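Beneath this line is the structure, given in structure tokens, with notes to follow.
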Amino acid sequence: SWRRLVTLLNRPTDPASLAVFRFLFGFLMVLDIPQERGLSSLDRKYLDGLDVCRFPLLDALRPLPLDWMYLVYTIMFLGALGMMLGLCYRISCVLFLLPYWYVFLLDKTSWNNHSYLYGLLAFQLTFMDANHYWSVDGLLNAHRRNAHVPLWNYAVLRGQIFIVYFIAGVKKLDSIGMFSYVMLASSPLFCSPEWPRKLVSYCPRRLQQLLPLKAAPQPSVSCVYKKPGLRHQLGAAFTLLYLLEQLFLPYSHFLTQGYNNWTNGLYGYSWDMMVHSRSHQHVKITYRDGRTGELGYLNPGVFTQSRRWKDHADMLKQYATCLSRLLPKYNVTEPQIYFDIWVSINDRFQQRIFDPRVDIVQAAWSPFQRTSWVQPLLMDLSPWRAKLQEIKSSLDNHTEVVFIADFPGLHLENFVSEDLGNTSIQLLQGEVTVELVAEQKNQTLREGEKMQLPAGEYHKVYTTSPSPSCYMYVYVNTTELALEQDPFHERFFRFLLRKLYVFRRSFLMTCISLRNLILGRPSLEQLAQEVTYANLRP
Ligand SMILES: *[C@@H]1O[C@H](CO)[C@@H](O[C@@H]2O[C@H](CO)[C@@H](O)[C@H](O)[C@H]2NC(C)=O)[C@H](O)[C@H]1NC(C)=O
Ligand SMILES: CC(C)CCC[C@@H](C)[C@H]1CC[C@H]2[C@@H]3CC=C4C[C@@H](O)CC[C@]4(C)[C@H]3CC[C@]12C
């Protein structure tokens with residue numbers, strides 16, 4: 001039944017094994033905020049007046065100024081200090097939740113599969129009665145001291161670490177930070193909740209006085225004892241209706257079709273490590289100048305701080321709309337920015353990921369509709385990616401080859417160097433014409449046809465086929481071949497002095513930038529002595 005279900009989920013359980021996990025997550029979010037969340041490096045990241053192209057999830061999330069942004073990581077650290085102790089716990093979770101999902105939703109490049117877990121585990125632990133055992137609220141309130149907690153404090157937490165352990169096994173069918181310690185600290189949730197009363201019995205008698213209470217736990221208000229109420233019934237709409245989306249959001253890719261791509265899509269909730277096989281031999285930002293039509297080949301990573309905008313279609317459009325307002329400061333009024341990104345596969349198969357003729361500033365991208373201007377990965381060329389081993393094994397060590405796949409209307413202007421003598425082409429699928437601009441002659445190639453190329457010149461290979469044409473570049477470095485023819489006990493001490501710079505610089509710079517709100521701004525020559533005070537090694 002439904003009334004029988006909520007009586008099961010609100011059954012009084014022991015509050016102790018939740019309260020170790022409240023501590024060991026609240027303590028591992030004390031070590032985390034200096035190291036990984038970037039309190040050591042907010043100054044170079046959210047600097048005042050600096051033109052940086054952000055990548056937030058919602059585009060209305062504009063980051064605060066750096067005077068205020070050191071307060072947001074302080075409320076996060078005041079929140080993760082009361083969630084450590086268990087102090088003022090329904091406020092110290094909301095002071096850790098709301099400035100985490102403002103920080104974590106502010107940088108799409110900062111998403112991964114462990115810093116999304118802490119944004120989940122701080123959302124469950126906000127609604128949970130974790131401060132019943134071993135708290136300060138227990139040492140200030142009697143009815144929050146060693147009192148029985150409902151089972152949905154344990155059923156959700158056993159169901160969240162189940163799904164992370166389950167979907168990461170199912171996603172295998174196709175320097176990680178604190179993740180190696182939280183999943184070791186979360187493993188005492190799957191044990192019986194009597195385990196923090198077992199090791200204190202193995203402890204001596206005099207050590208039992210600073211350790212918390214050992215007796216049998218009292219009943220509480222928040223349970224159903226052998227009909228439930230409004231607090232009790234919403235623990236059954238949070239046990240399942242939260243765990244339903246946690247079984248659904250890793251497979252919510254086909255509804256967020258503006259985000260998803262060839263391999264992963266929007267990284268974060270996937271639970272599977274991303275592959276580094278791309279290696280990206282090209283980017284070419286090509287903007288049209290306003291009102292003149294002139295061409296500017298812009299530098300690739302000018303107004304960004306990460307290289308995640310090239311592998312994904314969502315971060316490109318936000319980078320193409322942030323560049324659409326910055327470039328008027330450099331005499332480019334209305335830019336028409338066309339990206340030409342050659343995503344390379346592990347050793348071969350170089351092909352574009354975005355359409356280089358379309359204006360990414362104006363072209364429509366909706367988060368649930370299909371993205372139009374993404375070129376598809378040629379998965380018909382994945383049996384040709386097995387055909388590479390036919391060509392690789394038949395050829396020797398000194399003939400190196402990369403493969404190219406090209407779409408209609410496009411061309412690859414490549415410069416063969418002086419080192420790459422005896423360089424040939426083989427057009428496999430489709431029809432392309434190779435034109436040497438030094439020789440000014442077109443030559444239409446046929447399927448399987450072999451043709452050499454001159455060294456030290458440019459060449460343009462235009463696609464005239466209506467199908468995606470593909471070809472390969474056998475090359476030999478003839479000048480390189482003519483060159484061939486002629487302690488642990490002190491590492492951790494070095495690791496300790498590294499991390500004590502992180503704790504010192506993050507603590508010192510926070511109090512400097514908190515002075516500007518309460519005590520106003522100092523002089524520029526005053527703070528110059530203050531900022532180099534922190535950057536030194538202690
Ligand atoms: C070789 O022939 C191709 C096919 O006509 C030429 O490519 C076209 O060039 C014109 C003018 O430059 C462009 O307007 C077309 O868009 C091009 N076609 C495609 C499919 O891009 C190419 O210019 C010729 N080679 C040289 C060196 O001139
Ligand atoms: C932006 C400032 C004001 C804070 C506002 C709070 C918002 C942005 C945050 C706080 C906690 C967040 C939720 C925490 C947990 C989850 C489960 C996850 O699987 C999907 C997102 C979802 C459902 C989040 C949605 C957005 C959320 C409600």
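Going through the structure tokens in order, the chains are called A, B, and so on, while each chain numbers its residues from 1 and the ligands are numbered from 1 in the order shown.
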Strand (DSSP E) residues, from DSSP on the backbone, in region 194-443 of chain A, as a PyMOL selection string: chain A and resi 285-288+295-298+336-339+342-343+350-352+400-406+411-415+423-429+432-436+441-443
Please produce, as a tab-separated table, a per-residue contact table for chain A versus ligand 1 (criterion: any atom at most 8 Å away, only C-alpha atoms and all ligand atoms considered), showing the nearest atom pair and its distance in Å to one decimal, sorted by chain then residue number.
```
residue	atom	partner	partner_atom_place_in_ligand_line	distance
A:408	CA	ligand 1	20 (C)	6.8
A:409	CA	ligand 1	20 (C)	4.2
A:410	CA	ligand 1	21 (O)	5.5
A:411	CA	ligand 1	21 (O)	6.6
A:433	CA	ligand 1	1 (C)	6.6
A:434	CA	ligand 1	1 (C)	7.4
A:435	CA	ligand 1	27 (C)	5.1
A:436	CA	ligand 1	27 (C)	6.4
A:437	CA	ligand 1	27 (C)	5.3
A:440	CA	ligand 1	27 (C)	5.4
A:441	CA	ligand 1	27 (C)	6.3
A:442	CA	ligand 1	1 (C)	4.8
A:443	CA	ligand 1	1 (C)	7.6
A:460	CA	ligand 1	27 (C)	7.0
A:462	CA	ligand 1	20 (C)	5.8
A:463	CA	ligand 1	20 (C)	5.7
A:464	CA	ligand 1	20 (C)	5.4
```
Can you check which parts of chain A lie within 7 Å of ligand 2? Per residue, the shortest pair of atoms and distance in Å to one decimal, counting only C-alpha atoms and all ligand atoms, sorted by chain and number, as CSV.
```
residue,atom,partner,partner_atom_place_in_ligand_line,distance
A:97,CA,ligand 2,10 (C),6.0
A:98,CA,ligand 2,4 (C),4.2
A:99,CA,ligand 2,4 (C),6.4
A:101,CA,ligand 2,9 (C),5.1
A:102,CA,ligand 2,1 (C),4.7
A:119,CA,ligand 2,14 (C),6.4
A:120,CA,ligand 2,15 (C),5.3
A:123,CA,ligand 2,14 (C),5.4
A:245,CA,ligand 2,19 (O),6.6
A:246,CA,ligand 2,19 (O),6.0
A:249,CA,ligand 2,19 (O),6.3
```
Can I get the selection written as a compact mmCIF listing (two decimals), in the first residue's frame, with C-alpha atoms?
```
# COMPACT_ATOMS: atom_id res chain seq x y z
CA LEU A 97 23.99 24.10 -1.03
CA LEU A 98 22.99 27.41 -2.62
CA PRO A 99 26.57 28.74 -3.08
CA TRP A 101 24.97 25.11 -7.13
CA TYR A 102 25.73 28.73 -7.98
CA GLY A 119 26.47 18.87 -5.30
CA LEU A 120 24.19 15.84 -5.02
CA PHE A 123 21.28 18.18 -1.61
CA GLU A 245 15.52 11.03 -11.65
CA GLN A 246 18.88 9.66 -10.49
CA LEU A 249 19.23 11.78 -15.68
```
From the DSSP assignment of the backbone, select every residue of region 129-353 of chain A that is helix (DSSP H, G or I), and format the answer as a tab-separated table (two decimals) with N, CA, C and O atoms, in the first residue's frame.
```
chain	number	residue	atom	x	y	z
A	130	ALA	N	20.82	14.44	9.79
A	130	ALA	CA	22.16	13.94	10.08
A	130	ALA	C	22.72	14.46	11.39
A	130	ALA	O	23.67	13.87	11.92
A	131	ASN	N	22.16	15.53	11.94
A	131	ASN	CA	22.67	16.13	13.17
A	131	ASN	C	22.03	15.56	14.42
A	131	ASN	O	21.99	16.24	15.45
A	132	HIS	N	21.51	14.34	14.35
A	132	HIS	CA	20.96	13.69	15.53
A	132	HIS	C	22.03	13.10	16.42
A	132	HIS	O	21.89	13.13	17.64
A	152	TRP	N	14.63	6.81	5.27
A	152	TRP	CA	14.96	7.47	4.01
A	152	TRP	C	16.18	8.38	4.11
A	152	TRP	O	16.61	8.91	3.09
A	153	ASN	N	16.74	8.56	5.31
A	153	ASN	CA	18.08	9.12	5.40
A	153	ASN	C	19.12	8.11	4.96
A	153	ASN	O	20.19	8.48	4.48
A	154	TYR	N	18.82	6.82	5.13
A	154	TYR	CA	19.73	5.77	4.73
A	154	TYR	C	19.37	5.15	3.40
A	154	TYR	O	20.26	4.68	2.69
A	155	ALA	N	18.09	5.13	3.03
A	155	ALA	CA	17.69	4.52	1.77
A	155	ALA	C	18.08	5.38	0.58
A	155	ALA	O	18.41	4.85	-0.49
A	156	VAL	N	18.03	6.71	0.73
A	156	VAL	CA	18.50	7.60	-0.33
A	156	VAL	C	20.01	7.51	-0.48
A	156	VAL	O	20.53	7.37	-1.59
A	157	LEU	N	20.74	7.56	0.65
A	157	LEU	CA	22.19	7.51	0.60
A	157	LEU	C	22.71	6.14	0.19
A	157	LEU	O	23.79	6.04	-0.40
A	158	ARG	N	21.98	5.07	0.50
A	158	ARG	CA	22.36	3.78	-0.07
A	158	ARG	C	21.92	3.67	-1.52
A	158	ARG	O	22.41	2.81	-2.24
A	159	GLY	N	20.99	4.53	-1.95
A	159	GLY	CA	20.53	4.52	-3.32
A	159	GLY	C	21.27	5.48	-4.23
A	159	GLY	O	21.20	5.34	-5.45
A	160	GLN	N	21.99	6.45	-3.66
A	160	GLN	CA	22.80	7.34	-4.48
A	160	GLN	C	24.15	6.72	-4.79
A	160	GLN	O	24.62	6.76	-5.94
A	161	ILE	N	24.78	6.11	-3.79
A	161	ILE	CA	26.06	5.44	-3.99
A	161	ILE	C	25.86	4.10	-4.70
A	161	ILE	O	26.82	3.54	-5.24
A	162	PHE	N	24.63	3.59	-4.73
A	162	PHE	CA	24.35	2.45	-5.60
A	162	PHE	C	24.42	2.85	-7.06
A	162	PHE	O	25.10	2.19	-7.85
A	163	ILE	N	23.74	3.94	-7.43
A	163	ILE	CA	23.63	4.36	-8.83
A	163	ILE	C	24.97	4.79	-9.40
A	163	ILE	O	25.29	4.48	-10.55
A	164	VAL	N	25.79	5.48	-8.60
A	164	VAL	CA	27.15	5.82	-9.02
A	164	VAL	C	27.98	4.55	-9.23
A	164	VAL	O	28.74	4.44	-10.20
A	165	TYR	N	27.77	3.54	-8.38
A	165	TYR	CA	28.45	2.27	-8.59
A	165	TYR	C	27.78	1.43	-9.67
A	165	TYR	O	28.40	0.49	-10.19
A	166	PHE	N	26.54	1.74	-10.04
A	166	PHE	CA	25.84	0.92	-11.02
A	166	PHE	C	25.96	1.48	-12.43
A	166	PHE	O	26.24	0.73	-13.37
A	167	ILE	N	25.72	2.78	-12.61
A	167	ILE	CA	25.76	3.36	-13.95
A	167	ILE	C	27.19	3.43	-14.47
A	167	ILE	O	27.41	3.31	-15.69
A	168	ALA	N	28.18	3.52	-13.59
A	168	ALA	CA	29.57	3.50	-14.05
A	168	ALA	C	30.00	2.10	-14.49
A	168	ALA	O	31.03	1.96	-15.16
A	169	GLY	N	29.23	1.08	-14.14
A	169	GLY	CA	29.45	-0.25	-14.68
A	169	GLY	C	28.73	-0.44	-16.00
A	169	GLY	O	29.23	-1.13	-16.89
A	170	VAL	N	27.55	0.17	-16.13
A	170	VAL	CA	26.79	0.05	-17.37
A	170	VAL	C	27.37	0.97	-18.45
A	170	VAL	O	27.36	0.62	-19.64
A	171	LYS	N	27.96	2.10	-18.06
A	171	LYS	CA	28.59	2.98	-19.04
A	171	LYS	C	29.93	2.45	-19.55
A	171	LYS	O	30.52	3.05	-20.44
A	172	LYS	N	30.42	1.34	-19.00
A	172	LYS	CA	31.59	0.65	-19.51
A	172	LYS	C	31.25	-0.34	-20.62
A	172	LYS	O	32.14	-1.04	-21.10
A	173	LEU	N	29.98	-0.41	-21.03
A	173	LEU	CA	29.56	-1.29	-22.11
A	173	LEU	C	29.84	-0.71	-23.49
A	173	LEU	O	29.70	-1.43	-24.48
A	179	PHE	N	37.71	12.12	-4.84
A	179	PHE	CA	36.78	11.05	-5.19
A	179	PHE	C	37.24	9.71	-4.64
A	179	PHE	O	36.41	8.85	-4.33
A	180	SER	N	38.55	9.51	-4.52
A	180	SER	CA	39.06	8.27	-3.95
A	180	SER	C	38.87	8.18	-2.44
A	180	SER	O	39.02	7.09	-1.88
A	181	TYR	N	38.55	9.29	-1.77
A	181	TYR	CA	38.35	9.29	-0.33
A	181	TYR	C	36.89	9.34	0.08
A	181	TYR	O	36.53	8.75	1.10
A	182	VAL	N	36.04	10.03	-0.69
A	182	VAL	CA	34.62	10.10	-0.36
A	182	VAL	C	33.96	8.74	-0.56
A	182	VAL	O	33.20	8.29	0.30
A	183	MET	N	34.27	8.05	-1.66
A	183	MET	CA	33.74	6.71	-1.87
A	183	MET	C	34.33	5.68	-0.91
A	183	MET	O	33.75	4.60	-0.75
A	184	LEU	N	35.46	5.99	-0.28
A	184	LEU	CA	35.94	5.18	0.83
A	184	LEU	C	35.26	5.57	2.14
A	184	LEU	O	35.07	4.72	3.02
A	185	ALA	N	34.87	6.84	2.27
A	185	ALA	CA	34.14	7.28	3.46
A	185	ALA	C	32.65	6.97	3.36
A	185	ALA	O	31.97	6.90	4.39
A	187	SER	N	31.44	4.14	1.96
A	187	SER	CA	31.25	2.71	2.15
A	187	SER	C	30.74	2.28	3.53
A	187	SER	O	30.11	1.21	3.60
A	188	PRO	N	30.95	3.03	4.65
A	188	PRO	CA	30.21	2.68	5.87
A	188	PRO	C	28.74	3.09	5.91
A	188	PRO	O	28.14	3.08	6.99
A	189	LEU	N	28.14	3.48	4.78
A	189	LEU	CA	26.69	3.60	4.72
A	189	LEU	C	26.03	2.27	4.40
A	189	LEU	O	24.92	2.01	4.88
A	195	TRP	N	27.47	0.35	13.50
A	195	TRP	CA	28.94	0.33	13.48
A	195	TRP	C	29.65	1.47	14.24
A	195	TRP	O	30.77	1.22	14.71
A	196	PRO	N	29.11	2.69	14.41
A	196	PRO	CA	29.81	3.62	15.31
A	196	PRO	C	29.54	3.38	16.79
A	196	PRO	O	30.01	4.17	17.62
A	197	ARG	N	28.81	2.33	17.14
A	197	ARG	CA	28.73	1.89	18.52
A	197	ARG	C	29.58	0.65	18.77
A	197	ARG	O	29.68	0.19	19.91
A	206	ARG	N	38.65	5.42	29.24
A	206	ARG	CA	38.94	6.85	29.33
A	206	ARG	C	38.82	7.55	27.99
A	206	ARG	O	38.64	8.77	27.96
A	207	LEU	N	38.91	6.81	26.88
A	207	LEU	CA	38.70	7.39	25.56
A	207	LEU	C	37.22	7.53	25.23
A	207	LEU	O	36.87	8.18	24.24
A	208	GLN	N	36.33	6.93	26.03
A	208	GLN	CA	34.90	7.02	25.79
A	208	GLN	C	34.29	8.35	26.22
A	208	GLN	O	33.10	8.56	25.98
A	230	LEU	N	2.61	15.03	7.85
A	230	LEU	CA	3.08	15.79	6.69
A	230	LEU	C	4.60	15.77	6.57
A	230	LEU	O	5.13	15.78	5.46
A	231	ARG	N	5.31	15.75	7.70
A	231	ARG	CA	6.75	15.53	7.64
A	231	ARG	C	7.07	14.11	7.22
A	231	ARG	O	8.05	13.88	6.49
A	232	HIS	N	6.23	13.15	7.61
A	232	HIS	CA	6.53	11.75	7.34
A	232	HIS	C	6.25	11.39	5.88
A	232	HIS	O	7.00	10.61	5.29
A	233	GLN	N	5.19	11.95	5.29
A	233	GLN	CA	4.78	11.55	3.95
A	233	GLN	C	5.72	12.07	2.87
A	233	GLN	O	5.89	11.42	1.83
A	243	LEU	N	15.16	9.37	-6.30
A	243	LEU	CA	15.87	8.25	-6.91
A	243	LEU	C	15.34	7.86	-8.28
A	243	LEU	O	15.99	7.09	-8.98
A	244	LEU	N	14.17	8.37	-8.68
A	244	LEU	CA	13.70	8.11	-10.04
A	244	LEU	C	14.47	8.95	-11.04
A	244	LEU	O	14.81	8.46	-12.12
A	245	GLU	N	14.78	10.20	-10.70
A	245	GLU	CA	15.52	11.03	-11.65
A	245	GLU	C	17.00	10.66	-11.64
A	245	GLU	O	17.69	10.84	-12.65
A	246	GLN	N	17.50	10.12	-10.52
A	246	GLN	CA	18.88	9.66	-10.49
A	246	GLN	C	19.08	8.37	-11.28
A	246	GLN	O	20.22	8.04	-11.63
A	249	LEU	N	18.38	10.70	-15.18
A	249	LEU	CA	19.23	11.78	-15.68
A	249	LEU	C	20.53	11.34	-16.35
A	249	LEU	O	20.97	12.03	-17.27
A	250	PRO	N	21.20	10.24	-15.95
A	250	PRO	CA	22.27	9.71	-16.82
A	250	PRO	C	21.80	9.28	-18.20
A	250	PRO	O	22.61	9.27	-19.13
A	251	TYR	N	20.53	8.92	-18.38
A	251	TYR	CA	19.99	8.56	-19.68
A	251	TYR	C	18.98	9.59	-20.17
A	251	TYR	O	18.05	9.26	-20.91
A	313	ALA	N	29.23	21.53	-28.66
A	313	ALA	CA	28.47	22.53	-29.40
A	313	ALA	C	27.83	23.57	-28.50
A	313	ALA	O	27.58	24.69	-28.96
A	314	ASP	N	27.56	23.23	-27.24
A	314	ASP	CA	26.92	24.19	-26.34
A	314	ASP	C	27.89	25.30	-25.93
A	314	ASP	O	27.52	26.48	-25.93
A	315	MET	N	29.13	24.94	-25.59
A	315	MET	CA	30.09	25.93	-25.14
A	315	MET	C	30.61	26.77	-26.30
A	315	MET	O	31.17	27.85	-26.08
A	316	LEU	N	30.46	26.28	-27.54
A	316	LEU	CA	30.86	27.07	-28.69
A	316	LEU	C	29.93	28.26	-28.90
A	316	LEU	O	30.39	29.38	-29.15
A	317	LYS	N	28.61	28.02	-28.81
A	317	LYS	CA	27.63	29.08	-29.04
A	317	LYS	C	27.70	30.15	-27.96
A	317	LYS	O	27.55	31.34	-28.25
A	318	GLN	N	27.99	29.74	-26.72
A	318	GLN	CA	28.23	30.72	-25.67
A	318	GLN	C	29.54	31.45	-25.88
A	318	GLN	O	29.67	32.63	-25.51
A	319	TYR	N	30.53	30.79	-26.48
A	319	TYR	CA	31.77	31.48	-26.83
A	319	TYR	C	31.60	32.31	-28.09
A	319	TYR	O	32.30	33.31	-28.28
A	320	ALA	N	30.65	31.94	-28.95
A	320	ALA	CA	30.41	32.75	-30.14
A	320	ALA	C	29.51	33.93	-29.85
A	320	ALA	O	29.47	34.89	-30.63
A	321	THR	N	28.78	33.90	-28.73
A	321	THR	CA	27.95	35.05	-28.38
A	321	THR	C	28.64	35.95	-27.37
A	321	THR	O	28.22	37.09	-27.17
A	322	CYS	N	29.70	35.45	-26.72
A	322	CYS	CA	30.53	36.32	-25.90
A	322	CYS	C	31.55	37.06	-26.75
A	322	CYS	O	31.85	38.23	-26.48
A	323	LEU	N	32.08	36.41	-27.78
A	323	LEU	CA	32.91	37.10	-28.76
A	323	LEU	C	32.12	38.09	-29.60
A	323	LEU	O	32.72	39.01	-30.17
A	324	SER	N	30.80	37.94	-29.68
A	324	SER	CA	29.99	38.85	-30.49
A	324	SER	C	29.81	40.21	-29.85
A	324	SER	O	29.33	41.13	-30.51
A	325	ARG	N	30.17	40.36	-28.57
A	325	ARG	CA	30.11	41.66	-27.91
A	325	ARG	C	31.48	42.19	-27.51
A	325	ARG	O	31.62	43.39	-27.27
A	326	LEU	N	32.49	41.32	-27.42
A	326	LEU	CA	33.83	41.77	-27.05
A	326	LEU	C	34.55	42.42	-28.22
A	326	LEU	O	35.21	43.45	-28.05
A	327	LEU	N	34.46	41.82	-29.40
A	327	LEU	CA	35.07	42.32	-30.64
A	327	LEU	C	34.69	43.74	-31.08
A	327	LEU	O	35.48	44.34	-31.82
A	328	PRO	N	33.53	44.32	-30.72
A	328	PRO	CA	33.37	45.78	-30.90
A	328	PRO	C	34.38	46.64	-30.15
A	328	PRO	O	34.62	47.78	-30.56
A	329	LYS	N	35.00	46.14	-29.07
A	329	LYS	CA	36.07	46.89	-28.43
A	329	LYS	C	37.37	46.88	-29.21
A	329	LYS	O	38.31	47.58	-28.83
A	330	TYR	N	37.46	46.11	-30.29
A	330	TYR	CA	38.65	46.01	-31.12
A	330	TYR	C	38.32	46.27	-32.58
A	330	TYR	O	38.87	45.63	-33.48
```
Would you pick out the contacts of residue 469 (chain A) at 8 Å or less, using only C-alpha atoms, so that residues sharing its chain but fewer than 4 positions from it are not included, and give the list as a ChimeraX atom specification? /A:405-408,427-432,463,465
For the residues in the current selection, export C-alpha atoms as a short mmCIF file (atom, residue, chain, number, x, y, z; two decimals), in the first residue's frame.
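Contents of part_7.cif, as written:
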```cif
data_model
loop_
_atom_site.label_atom_id
_atom_site.label_comp_id
_atom_site.auth_asym_id
_atom_site.auth_seq_id
_atom_site.Cartn_x
_atom_site.Cartn_y
_atom_site.Cartn_z
CA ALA A 405 37.13 13.01 -44.09
CA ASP A 406 35.59 16.00 -45.84
CA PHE A 407 32.02 17.21 -46.37
CA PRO A 408 30.59 18.91 -49.50
CA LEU A 427 41.06 9.19 -52.49
CA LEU A 428 39.02 6.27 -51.16
CA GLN A 429 35.36 7.33 -50.97
CA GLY A 430 33.84 10.29 -52.78
CA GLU A 431 35.29 12.63 -55.38
CA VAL A 432 37.78 15.42 -54.67
CA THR A 463 35.27 18.36 -52.26
CA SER A 465 31.03 15.00 -54.25
#
```
Contacts of residue 127 (chain A) within 10 Å, only C-alpha atoms, excl. fewer than 4 positions in-chain, as a ChimeraX atom specification: /A:89-90,93-94,122-123,153,235,238
Record the distance separating CA of residue 536 (chain A) and CA of residue 176 (chain A), expressed in Å with one decimal.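 These atoms are spaced 27.4 Å apart.
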Find the residues around region 371-381 of chain A up to 8 Å (only C-alpha atoms counted), leave out those fewer than 3 positions away in its own chain, and share them as a list in words.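 Skipping anything fewer than 3 positions along the chain leaves residues 257, 258, 262, 313, 352, 353, 354, 355, 358, 363, 364, 365, 366, 384 and 385 of chain A.
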With N, CA, C and O atoms retained, write the just-selected residues as a PDB file, in the first residue's frame.
```pdb
ATOM      1  N   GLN A 257      18.903  17.179 -26.714  1.00  0.00           N
ATOM      2  CA  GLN A 257      19.608  16.925 -27.961  1.00  0.00           C
ATOM      3  C   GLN A 257      20.443  18.103 -28.433  1.00  0.00           C
ATOM      4  O   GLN A 257      21.304  17.920 -29.298  1.00  0.00           O
ATOM      5  N   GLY A 258      20.209  19.304 -27.907  1.00  0.00           N
ATOM      6  CA  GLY A 258      21.117  20.400 -28.188  1.00  0.00           C
ATOM      7  C   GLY A 258      22.448  20.274 -27.489  1.00  0.00           C
ATOM      8  O   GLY A 258      23.434  20.868 -27.938  1.00  0.00           O
ATOM      9  N   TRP A 262      28.760  13.562 -30.489  1.00  0.00           N
ATOM     10  CA  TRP A 262      29.268  12.281 -30.977  1.00  0.00           C
ATOM     11  C   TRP A 262      29.452  11.260 -29.858  1.00  0.00           C
ATOM     12  O   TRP A 262      28.932  10.142 -29.945  1.00  0.00           O
ATOM     13  N   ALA A 313      29.226  21.527 -28.659  1.00  0.00           N
ATOM     14  CA  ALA A 313      28.473  22.529 -29.399  1.00  0.00           C
ATOM     15  C   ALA A 313      27.832  23.572 -28.498  1.00  0.00           C
ATOM     16  O   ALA A 313      27.576  24.689 -28.956  1.00  0.00           O
ATOM     17  N   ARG A 352      36.004  17.574 -39.605  1.00  0.00           N
ATOM     18  CA  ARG A 352      35.475  18.740 -38.912  1.00  0.00           C
ATOM     19  C   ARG A 352      34.364  18.348 -37.948  1.00  0.00           C
ATOM     20  O   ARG A 352      33.738  17.295 -38.086  1.00  0.00           O
ATOM     21  N   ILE A 353      34.123  19.208 -36.966  1.00  0.00           N
ATOM     22  CA  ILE A 353      33.032  18.989 -36.029  1.00  0.00           C
ATOM     23  C   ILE A 353      31.950  20.060 -36.182  1.00  0.00           C
ATOM     24  O   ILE A 353      30.782  19.815 -35.866  1.00  0.00           O
ATOM     25  N   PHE A 354      32.290  21.223 -36.730  1.00  0.00           N
ATOM     26  CA  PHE A 354      31.328  22.291 -36.939  1.00  0.00           C
ATOM     27  C   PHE A 354      31.382  22.766 -38.382  1.00  0.00           C
ATOM     28  O   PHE A 354      32.412  22.651 -39.050  1.00  0.00           O
ATOM     29  N   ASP A 355      30.265  23.296 -38.852  1.00  0.00           N
ATOM     30  CA  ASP A 355      30.149  23.747 -40.234  1.00  0.00           C
ATOM     31  C   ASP A 355      30.879  25.072 -40.411  1.00  0.00           C
ATOM     32  O   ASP A 355      30.470  26.076 -39.813  1.00  0.00           O
ATOM     33  N   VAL A 358      28.839  28.542 -41.732  1.00  0.00           N
ATOM     34  CA  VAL A 358      27.675  29.112 -41.064  1.00  0.00           C
ATOM     35  C   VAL A 358      28.125  30.006 -39.919  1.00  0.00           C
ATOM     36  O   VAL A 358      29.172  29.782 -39.297  1.00  0.00           O
ATOM     37  N   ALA A 363      23.243  31.431 -35.758  1.00  0.00           N
ATOM     38  CA  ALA A 363      22.596  30.151 -36.021  1.00  0.00           C
ATOM     39  C   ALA A 363      22.009  29.560 -34.746  1.00  0.00           C
ATOM     40  O   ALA A 363      22.643  29.565 -33.689  1.00  0.00           O
ATOM     41  N   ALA A 364      20.790  29.043 -34.864  1.00  0.00           N
ATOM     42  CA  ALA A 364      19.954  28.708 -33.717  1.00  0.00           C
ATOM     43  C   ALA A 364      20.421  27.401 -33.089  1.00  0.00           C
ATOM     44  O   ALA A 364      20.642  26.407 -33.788  1.00  0.00           O
ATOM     45  N   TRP A 365      20.565  27.409 -31.768  1.00  0.00           N
ATOM     46  CA  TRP A 365      20.843  26.211 -30.989  1.00  0.00           C
ATOM     47  C   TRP A 365      19.891  26.194 -29.805  1.00  0.00           C
ATOM     48  O   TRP A 365      19.921  27.100 -28.968  1.00  0.00           O
ATOM     49  N   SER A 366      19.042  25.173 -29.744  1.00  0.00           N
ATOM     50  CA  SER A 366      18.083  25.012 -28.667  1.00  0.00           C
ATOM     51  C   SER A 366      18.473  23.785 -27.858  1.00  0.00           C
ATOM     52  O   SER A 366      18.905  22.783 -28.438  1.00  0.00           O
ATOM     53  N   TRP A 384      35.997   1.712 -41.839  1.00  0.00           N
ATOM     54  CA  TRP A 384      37.234   2.197 -42.443  1.00  0.00           C
ATOM     55  C   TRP A 384      38.292   2.469 -41.386  1.00  0.00           C
ATOM     56  O   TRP A 384      39.490   2.445 -41.687  1.00  0.00           O
ATOM     57  N   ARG A 385      37.874   2.737 -40.144  1.00  0.00           N
ATOM     58  CA  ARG A 385      38.827   2.798 -39.044  1.00  0.00           C
ATOM     59  C   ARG A 385      39.296   1.415 -38.611  1.00  0.00           C
ATOM     60  O   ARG A 385      40.222   1.315 -37.800  1.00  0.00           O
TER      61      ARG A 385
END
```
What's around region 210-215 of chain A at 9 Å? Count only C-alpha atoms, leave out sequence neighbours fewer than 5 positions away in its own chain, and write the answer as a PyMOL selection string. chain A and resi 133-135+145-146+196-197+200-201
Can you list, as a list in words, every protein, DNA or RNA residue that comes within 8 Å of residue 151 (chain A) when you count only C-alpha atoms, leaving out same-chain residues fewer than 5 positions away? residues 8, 9, 10, 11, 12 and 13 of chain A
For the atom pair CA of residue 331 (chain A) and CA of residue 289 (chain A), what is the interatomic distance in Å to one decimal place?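 Spanning CA of residue 331 (chain A) to CA of residue 289 (chain A) is a straight-line distance of 8.3 Å.
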Mind pulling up the distance from CA of residue 357 (chain A) to CA of residue 370 (chain A)?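 That distance, rounded to one decimal, is 18.6 Å.
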